[PDB]
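Colleague: A single structure is presented below for examination.
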Amino acid sequence: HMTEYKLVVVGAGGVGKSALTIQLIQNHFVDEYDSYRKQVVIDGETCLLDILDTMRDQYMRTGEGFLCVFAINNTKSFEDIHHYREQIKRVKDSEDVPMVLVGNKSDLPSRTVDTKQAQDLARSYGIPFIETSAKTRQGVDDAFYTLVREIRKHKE
Ligand SMILES: Nc1nc2c(ncn2[C@@H]2O[C@H](COP(=O)(O)OP(=O)(O)O)[C@@H](O)[C@H]2O)c(=O)[nH]1
Ligand SMILES: [Mg+2]
């Protein structure tokens, strides 16, 4: 019928995991803030996205792809990515897990993490880096779509 993709958004508090997710589902930005579902067509395949915004360690073990989110104006969040990724490495017992690195809040002027740093990090892990803003919606569809396509590159 349709095809199910189980996605997991991880990252430090306050980076905009919820805002990103709410943006994908409901097409608005919320300033103050479980599992979600969205039917989308991506490359002519109707997809049901089963999305957790982080006793829900059963999404960690079963989840097929991970958005690793930091904010570009939060250097601590960027440094923490190493830990979120090591957590996903341990749970899946492998260094080849579908993953996208996301740099959120690209609208904000107070940028403490440079695109080169992010690119250096993503290149080391062997994954895409995408800049997003949940406020303007820049990059949001592209982060989720690319993660869907990363999952396709790894098994049917
Ligand atoms: N300006 C701006 N603010 C954002 C963005 N994404 C999230 N925020 C704000 O950052 C705060 C934390 O967002 P939230 O979605 O709760 O992040 P989470 O804790 O990782 O789920 C909220 O006040 C959001 O409005 C963004 O892209 N741009
Ligand atoms: Mg949240």
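What follows draws every value from the coordinates through simple rules; no lab data is involved. Note that we place each Cβ from the backbone using ideal geometry, even for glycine, and neighbour counts take in every protein chain shown.
Colleague: State all residues of the stretch 29-49 that are out of contact with any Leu (no Cβ under 7 Å at 6 or more places or on another chain) and either over 21 Å from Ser133 (Cβ atoms) or away from ligand 1 (no atom under 11 Å from the Cβ) (or both); if no residue qualifies, say none.
Modeller: The first filter runs over the stretch 29-49 and keeps only residues out of contact with any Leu (no Cβ under 7 Å at 6 or more places or on another chain), leaving 29-34, 36, 41-48.
Of everything in the stretch 29-49, those that are out of contact with any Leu (no Cβ under 7 Å at 6 or more places or on another chain) and either over 21 Å from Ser133 (Cβ atoms) or away from ligand 1 (no atom under 11 Å from the Cβ) (or both) turn out to be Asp34, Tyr36, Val41, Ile42, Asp43, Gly44, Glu45, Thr46, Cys47, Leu48.
Colleague: Take residues that are surrounded by 21 or more Cβ atoms within 10 Å (Cβ to Cβ) and tell me which of the helices (runs of 4 or more DSSP H) falling wholly in the stretch 50-156 contain 2 or more. Before the answer, list the steps.
Modeller: Numbers: elements: 58-62, 75-92, 115-125, 140-153.
It comes to 75-92, 140-153.
Colleague: For the stretch 65-76, does any single residue satisfy the condition of being among the hydroxyl-bearing types (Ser, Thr, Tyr) and either within 16 Å of ligand 2 (Cβ to nearest atom) or more than 25 Å from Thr136 (Cβ to Cβ) (or both)? I'd like the intermediate steps shown before the answer.
Modeller: Step one: of the stretch 65-76, the residues among the hydroxyl-bearing types (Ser, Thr, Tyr) are 75.
Going one step further and asking which of them are either within 16 Å of ligand 2 (Cβ to nearest atom) or more than 25 Å from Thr136 (Cβ to Cβ) (or both), we end up with none.
Within the stretch 65-76 (the criterion being among the hydroxyl-bearing types (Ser, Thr, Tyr) and either within 16 Å of ligand 2 (Cβ to nearest atom) or more than 25 Å from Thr136 (Cβ to Cβ) (or both)), the answer is no, since none of the residues qualifies.
Colleague: Yes or no: the stretch 49-62 includes at least one residue that is more than 26 Å from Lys155 (Cβ to Cβ) and more than 13 Å from ligand 2 (Cβ to nearest atom). So that I can check it myself, show each step before the final result.
Modeller: Step one: of the stretch 49-62, the residues more than 26 Å from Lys155 (Cβ to Cβ) are 55.
From what is left, the residues that are more than 13 Å from ligand 2 (Cβ to nearest atom) are 55.
Taking every residue of the stretch 49-62 in turn, at least one turns out to be more than 26 Å from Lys155 (Cβ to Cβ) and more than 13 Å from ligand 2 (Cβ to nearest atom).
Colleague: Further question: Assess whether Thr112 counts as being among the hydroxyl-bearing types (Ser, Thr, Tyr) and over 26 Å from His154 (Cβ atoms). Write out each step before concluding.
Modeller: Numbers: among the hydroxyl-bearing types (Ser, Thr, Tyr): yes; over 26 Å from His154 (Cβ atoms): yes.
So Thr112 passes the test.
Colleague: Another question about this same structure. Here is a check on your reading of the model: is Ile42 aliphatic (A, V, I, L, M), within 15 Å of ligand 2 (Cβ to nearest atom) and more than 13 Å from the chain's Cα centre (by Cα)?
Modeller: Working: aliphatic (A, V, I, L, M): yes; within 15 Å of ligand 2 (Cβ to nearest atom): no; more than 13 Å from the chain's Cα centre (by Cα): yes.
Criteria not met by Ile42.
Colleague: Hey, another quick one. Taking the stretch 1-21, which residues are over 13 Å from the mean Cα position of the chain (by Cα) and aliphatic (A, V, I, L, M)?
Modeller: Result: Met2, single match.
Colleague: Can you name every residue in the stretch 108-139 that is closer than 15 Å to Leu24 by Cβ and either more than 16 Å from ligand 2 (Cβ to nearest atom) or touching a strand residue (DSSP E or B) at 6+ places or on another chain (Cβ under 9 Å) (or both)? Before the answer, list the steps.
Modeller: Just the residues of the stretch 108-139 that are closer than 15 Å to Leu24 by Cβ, to begin with: 130, 132-139.
Correct list: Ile130, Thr132, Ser133, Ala134, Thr136, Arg137, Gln138, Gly139.
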